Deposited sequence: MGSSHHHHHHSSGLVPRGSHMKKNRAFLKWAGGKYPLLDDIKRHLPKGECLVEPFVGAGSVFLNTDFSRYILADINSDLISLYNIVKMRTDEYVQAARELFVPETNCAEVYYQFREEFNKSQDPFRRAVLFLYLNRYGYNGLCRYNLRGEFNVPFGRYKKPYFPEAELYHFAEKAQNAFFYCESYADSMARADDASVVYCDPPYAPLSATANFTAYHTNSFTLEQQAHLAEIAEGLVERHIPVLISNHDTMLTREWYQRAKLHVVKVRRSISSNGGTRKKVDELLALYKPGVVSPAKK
């Protein structure tokens, strides 16, 4: 398995094998909620369309893809011993929330991901990144994973859009994998949870396959009723809409 250079909520690898197991074959793979990229990094599709509502995440990715070397250097500089204390963490966080330069924010973003509390990515109502210091003993600088990501991203495209817009890019050779925010065991609402299933129902009729991942609850079985369901031992459900 290829680790993702970022720390993202949930953890896709913790189910990775079973996903490749029901993931239809095809030319292009479409991930409406790319996330940390666990699925992307661990598959061999010809092309990739990766999207996410988080702008900071996509900016980062496009940069890692286009300016891999330049980045890795600037990034590496922040993982020295001189920056491993709350004192600095809150300084870099502030520099980030105030920055207007895409590149500088992409660098700080990684540092925040690694030195921040539980590697969370959260913002307050003002739109500022508001995660606290994680007090980690020795943060790991993902240099190996950055490059691997960068190399594989050469056959990928990153978009910053909602799930509906990205899934609307899938063609006959495309195959859709959806990893939306987990169901109840702004924010991703129940109304949208259903809208996604509704869209899946739509694509599958155009003969475009779609695989959805989510908890296994009364609500998920309800939304994904029109799909071959397979439980994975709260549990984990995989919904497959096969043409």
Which ranges of the deposited chain go unmodelled, in order along the sequence? 1 to 22, 208 to 218, 267 to 280, 291 to 298
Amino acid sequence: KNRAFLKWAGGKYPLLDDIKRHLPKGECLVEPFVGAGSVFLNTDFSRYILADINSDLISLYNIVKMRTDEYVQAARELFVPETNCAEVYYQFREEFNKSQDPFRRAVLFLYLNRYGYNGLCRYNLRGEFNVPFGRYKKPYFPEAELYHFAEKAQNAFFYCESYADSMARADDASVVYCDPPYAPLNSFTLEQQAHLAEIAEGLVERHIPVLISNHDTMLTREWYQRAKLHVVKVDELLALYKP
From here on, numbers count along this sequence of modelled residues.
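In this text, rigid core is short for the largest set of C-alphas that superpose within 1.5 Å between two forms.
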By Cα RMS to this form in 5 other deposited structures of this protein after fitting the core, the stretch ranking higher of 12 to 20 and 224 to 232 is 12 to 20
Once average C-alpha B-factors are taken from the entry for 50 to 58 and 186 to 194, the winner is 186 to 194
On average, which has the higher Cα B-factor in the deposited entry, 164 to 172 or 110 to 118? 164 to 172
CA B-factor ranking of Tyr136, expressed as a third of its chain: highest
Considering only modelled residues of the same chain, in which third does the CA B-factor of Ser38 rank: lowest, middle or highest? middle
Where does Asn214 sit by CA temperature factor within its chain: lowest, middle or highest third? middle
Splitting the chain's C-alpha B-factors into thirds, which one does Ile208 fall into? highest
Would you check the entry's CA temperature factor for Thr83 and let me know if it's in the chain's lowest, middle or highest third? lowest
